């Protein structure tokens, strides 16, 4: 299952191409300006086979709970209602969100003890690096 090295609290330390990623999602300018300033913490926890990913920031908080391989309904930070799934691939925790015939992926992987989130929508690739805190 998911590595126990994911469990705990993570702080954003770098974000590359997030504005274009949000644009691809249809997020408007005022929201993007606050999203570009946000430096969230992400808390990953697990109870039995249920994994929770909680994001906290001044602007927006989110939380998802899921079992690997089991599709669920999600509310995203920008207020999309998606059909989502999280699965593993080579230890990467990979999320897909679907809605209105569109798709985005967020792949969260451990790299030298950091957590790297690769976020893809259309041709846009955004990379967000987190330190464990």
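Positions refer to the first chain, counted from 1.
K.L.:
Highest mean C-alpha temperature factor of the two stretches 33 to 41 and 97 to 105, which is it?
P.N.:
It is 97 to 105.
K.L.:
Identify the stretch, either 43 to 51 or 64 to 72, whose C-alpha atoms have the larger mean B-factor according to the entry.
P.N.:
Looking at the recorded C-alpha B-factors, 43 to 51 comes out higher on average.
K.L.:
If you compare 111, 13, 117, 24, which has the highest Cα B-factor in the entry?
P.N.:
Each of 111, 13, 117, 24 was compared by C-alpha B-factor; the highest is 24.
K.L.:
Quick check for you: using the entry's CA B-factors within this chain, is residue 85 in the lowest, middle or highest third?
P.N.:
Ranked within chain, residue 85 CA B lands in the lowest tercile.
K.L.:
Please place residue 132 in the lowest, middle or highest third of its chain according to the CA B-factor in the PDB entry.
P.N.:
Middle third - that is where residue 132 ends up once the chain's C-alpha B-factors are sorted.
K.L.:
How does residue 58 rank on Cα B-factor within its chain, lowest, middle or highest third?
P.N.:
Within its chain, residue 58 is a middle-third residue by C-alpha B-factor, going by the deposited values.
K.L.:
Relative to the other modelled residues in the chain, which third contains the C-alpha temperature factor of residue 7: lowest, middle or highest?
P.N.:
Middle third.
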